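Quick heads-up: it's one chain on its own, the form deposited in one PDB entry, in structure tokens.
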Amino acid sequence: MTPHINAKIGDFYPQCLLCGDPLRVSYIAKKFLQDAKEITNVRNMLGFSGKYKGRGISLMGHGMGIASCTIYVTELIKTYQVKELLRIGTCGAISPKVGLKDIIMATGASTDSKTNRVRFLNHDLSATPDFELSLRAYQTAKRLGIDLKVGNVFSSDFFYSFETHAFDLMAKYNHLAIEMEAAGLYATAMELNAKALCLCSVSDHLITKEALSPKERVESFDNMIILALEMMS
């Protein structure tokens, strides 16, 4: 169908959850969905489709970096007609305003990537989510009692930064954490008139060097699935 997704047309529901790690996505399908039938597995990048509280939901891994995320989100919108893309995952905090376990809602995605300048006249595309999803995440959060931290994130092309000295500046300008796909996902979705949002769970503070225990991490990530699926319904 498309070189990166194995599914037949109609295998995806119009709402889809996204993570870079497919084994993470396979863990969502099992612990949380009912029917759940693996629908794609090109390059071992798995996606699922199943039911949560009787409502249909799809899941899909997108890999690491803006370019990889862009590839999958583009095919999900144009070929599989996904209408809402809710990204979840881990991010390293850089701000004193957040700490371990927090869930960060990204109202904007800064970037050191060139992709949006190629996309957008060599100007500064402000990469933002769809507002009603952000609204929905806020409401669903409060309904569950989750202190949702809301700010920007910085999407970088480097996992191992060459500019760690710049983390303090990014925090000053209201970036609560660093990750690597939100700006690509946000730009792809504005390109293709789809509804996207990124949520991030704080498991490592790049500044206070604090970190959790591998069971607190599966604990925390579990607390994020619930909000993501409760808000897809």
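Throughout, we count residues from 1 along the sequence that is shown. Only residues modelled in both forms are compared. What we label the rigid core is the largest C-alpha set whose atoms superpose within 1.5 Å from one form to the other.
The next section is about a form of this same protein that is not shown, the form deposited in another entry.
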Core-aligned, does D222 move its Cα 2 Å or more between the shown form and the other one?
no
Is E210 one of the residues whose Cα moves 2 Å or more between the shown form and the other one, with the core superposed?
yes
Would you mind telling me if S26 and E216 are closer or farther apart in the other form than in the shown form, C-alpha to C-alpha, with a 3 Å or larger change?
closer
Is the CA-CA spacing of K215 and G65 tighter or wider in the other form than here, given a 3 Å or more change?
closer
Determine the segments between the shown form and the other one made of three or more consecutive residues whose Cα atoms all move at least 2 Å, using the rigid core for the superposition and only residues common to both forms.
210-220
